[PDB]
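In the deposited numbering, the protein residues as written are 27 to 57, 59 to 238, 240 to 252, 254 to 289.
What follows is a single structure, written as structure tokens, with notes after it.
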Ligand SMILES: C=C1CS[C@H]([C@H](NC(=O)/C(=N/OC)c2csc(N)n2)C(=O)O)N=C1C(=O)O
């Protein structure tokens with residue numbers, strides 16, 4: 027298709043490897060580019076962790092209000108919210124919002140621990156029908172994004188399907204889904220990624236990720254006014270371990286999708 031030709035040209039211009047999956051919920055049509064290749068998820072994996080804790084809260088009614096200690100030894104790099112509460116506590120709701128809206132890495136580690144380890148996050152993915160997602164490590168090493176490494180990867184096709192089930196479908200209870208949607212719409216890290224390529228009248232909830241090899245990721249649910258919502262995954266990674274981030278590639282992929 028012509029959208030695929032434009033995505034391939036964007037990828038050729040970028041020097042890296044681009045993965046795109048679009049679901050148009052109006053007719054369940056999809057656009059895939061490298062849609063079955065694995066990509067390092069980096070922080071886009073935090074959506075699965077927050078969702079798995081929300082699922083637990085369907086039976087543990089007050090789980091989101093449970094305090095969790097933030098100790099000095101817990102603090103890993105890029106933890107701007109948790110660092111403010113060292114030697115104090117944050118609730119699981121606050122940790123979920125921090126992991127999702129600021130990509131706080133310590134917050135993610137608290138979600139992983141609540142689930143019993145990385146295997147607990149993968150377990151939730153399998154429980155909702157995602158056979159592809161795998162979380163293998165904690166923060167910060169899950170972002171090493173080593174070429175070919177299957178650890179901490181998924182495919183664009185699988186992550187788009189999962190993000191649809193979590194936000195627009197019924198993988199979660201009604202109030203849990205609404206809470207996840209609120210958190211994603213309130214993300215603070217996404218202005219230069221998918222959001223930057225879309226008409227500004229469209230409502231967007233998204234979660235970014237970044238890692240070594242210039243890995244630059246974003247997954248989004250998109251509400252245009255007057256049409257059914259879309260789900261868009263944009264994954265990007267590069268050959269050089271010290272490559273710069275390329276959020277412009279993600280914005281440009283979104284702009285191409287919105288044109289088609
Ligand atoms: C705003 C950030 C950066 S901190 C967070 C996290 N990424 C890393 O900690 C990371 N970034 O490297 C550029 C890393 C860890 S180890 C390694 N080699 N690299 C993540 O992706 O969850 N996410 C976002 C985001 O884009 O949302």
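Using N, Cα and C, we set each Cβ at its ideal position, and we do this for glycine too.
What are the boundary residues of the beta strand (DSSP E) that residue 265 is part of?
As a working mapping, residue 265 is identified with position 236 in the chain shown. From DSSP, the beta strand (DSSP E) with residue 265 extends over 259 to 266.
With respect to 8 Å, is the separation between the Cβ of residue 213 and the closest non-hydrogen atom of ligand 1 below this value?
Position 186 of the chain shown, counted from the first residue, corresponds to residue 213. Checking every heavy atom of ligand 1 against the Cβ of residue 213, none is found closer than 8 Å.
Ligand 1 heavy atom lying under 8 Å from the CB of residue 123
Locating residue 123 in the chain shown gives position 96, counting from the first residue. Because no heavy atom of ligand 1 lies under 8 Å away, the Cβ of residue 123 does not count as near it: no.
Buried versus exposed, by CB contacts within 10 Å (16 or more), residue 191
As a first step, residue 191 is located in the chain shown; it is residue number 164 there, counting from the start. Burial call: buried.
Cβ-based neighbour list, residue 81, same chain, cut-off 7 Å, excluding 5 preceding and 5 following
As a position in the chain shown, residue 81 is number 54, starting the count at 1. Once the five neighbours on either side are set aside, the close Cβ partners of residue 81 are 199, 203, 206 and 207.
Apart from the five residues just before and just after residue 243, which ones in its own chain have a Cβ nearer than 6 Å to its Cβ?
On the chain shown, position 215 is the one that residue 243 refers to. Within its own chain, the residues whose Cβ lies closer than 6 Å to the Cβ of residue 243, once the five positions on either side in sequence are excluded, are 67, 69, 172 and 266, listed in chain order.
Can we count residue 53 as close to ligand 1, meaning its CB is less than 8 Å from some heavy atom?
For the purposes of this step, residue 53 is taken as the residue at position 27 of the chain shown. No; taking the cut-off as 8 Å, the Cβ of residue 53 has no heavy atom of ligand 1 nearer than that.
Residues in its own chain within less than 8 Å of residue 85 by CB, not counting five upstream and five downstream?
Your numbering for residue 85 matches position 58 in the chain shown. 199, 200 and 203.
Verify whether the separation of the beta carbon atoms of residue 133 and residue 101 is less than 9 Å.
The residue you call residue 133 lines up with position 106 of the chain shown. The residue you call residue 101 lines up with position 74 of the chain shown. For residue 133 and residue 101, yes; Cβs fall inside 9 Å.
Looking at C-alpha atoms only, which residue of 124, 195 and 148 is the closest neighbour of residue 50?
In the chain shown, residue 50 corresponds to position 24, counting from 1. Answer by Cα proximity: 195.
Examine ligand 1 and report whether any of its heavy atoms sits within less than 8 Å of the Cβ of residue 186.
Position 159 of the chain shown, counted from the first residue, corresponds to residue 186. Because no heavy atom of ligand 1 lies under 8 Å away, the Cβ of residue 186 does not count as near it: no.
Distance between residue 221 and residue 44 (C-alpha atoms, nearest Å):
Taking the first residue of the chain shown as position 1, residue 44 is located at position 18. Taking the first residue of the chain shown as position 1, residue 221 is located at position 194. Within the model, the alpha-carbon separation for residue 44 versus residue 221 is close to 13 Å.
Roughly how many whole angstroms lie between the Cα atoms of residue 35 and residue 258?
As a first step, residue 35 is located in the chain shown; it is residue number 9 there, counting from the start. As a first step, residue 258 is located in the chain shown; it is residue number 229 there, counting from the start. Going from the Cα of residue 35 to the Cα of residue 258 covers about 26 Å.
In the structure shown, what three-state DSSP assignment does residue 234 receive?
Counted from its first residue, the chain shown places residue 234 at position 207. Residue 234 falls in the strand class under three-state DSSP.
Any heavy atom of ligand 1 within a distance shorter than 8 Å of the CB on residue 318?
With the chain covering 27 to 289 only, the question about residue 318 has no answer from this structure.
Span of the beta strand (DSSP E), counted from its first residue to its last, around residue 249:
Within the chain shown, residue 249 is the residue found at index 221, counting from 1. For residue 249, the uninterrupted beta strand (DSSP E) segment begins and ends at 243 to 251.
Please report how far the alpha carbon of residue 185 lies from the alpha carbon of residue 65, in whole angstroms.
The residue you call residue 185 lines up with position 158 of the chain shown. The residue you call residue 65 lines up with position 38 of the chain shown. If you take the alpha carbons of residue 185 and residue 65, they lie about 10 Å apart.
With H, G and I counted as helix, E and B as strand and the rest as coil, what does DSSP make of residue 277?
Reading the chain shown from its first residue, position 248 is the one you call residue 277. Look at residue 277 here: in three-state DSSP terms it is helix.
Residue 278 to residue 40, Cα distance in whole Å?
Taking the first residue of the chain shown as position 1, residue 278 is located at position 249. Taking the first residue of the chain shown as position 1, residue 40 is located at position 14. Straight-line Cα distance between these residues: approximately 7 Å.
Express the C-alpha separation of residue 168 and residue 241 in angstroms, rounding to a whole number.
Residue 241 sits at position 213 when you count from the first residue of the chain shown. Residue 168 sits at position 141 when you count from the first residue of the chain shown. Cα to Cα, the separation comes out at about 13 Å.
In whole angstroms, what separates the C-alpha of residue 231 from that of residue 74?
Locating residue 231 in the chain shown gives position 204, counting from the first residue. Locating residue 74 in the chain shown gives position 47, counting from the first residue. About 15 Å.
If we count the other Cβ atoms within 10 Å of its Cβ and call it buried at 16 or more, is residue 89 buried or exposed?
As a position in the chain shown, residue 89 is number 62, starting the count at 1. Per the 10 Å Cβ criterion, exposed.
Per DSSP, what kind of secondary structure is residue 135 in: helix, strand or coil?
For this step, residue 135 is matched to residue 108 along the chain shown. Looking at residue 135 - three-state DSSP - the assignment turns out to be helix.
How many whole angstroms separate the CB atoms of residue 119 and residue 91, which I take to be in contact at a CB cut-off of 8 Å?
Taking the chain shown and counting its residues from 1, one reaches residue 119 at position 92. Taking the chain shown and counting its residues from 1, one reaches residue 91 at position 64. Yes, they are in contact, since the Cβ atoms of residue 119 and residue 91 sit about 5 Å apart, within 8 Å.
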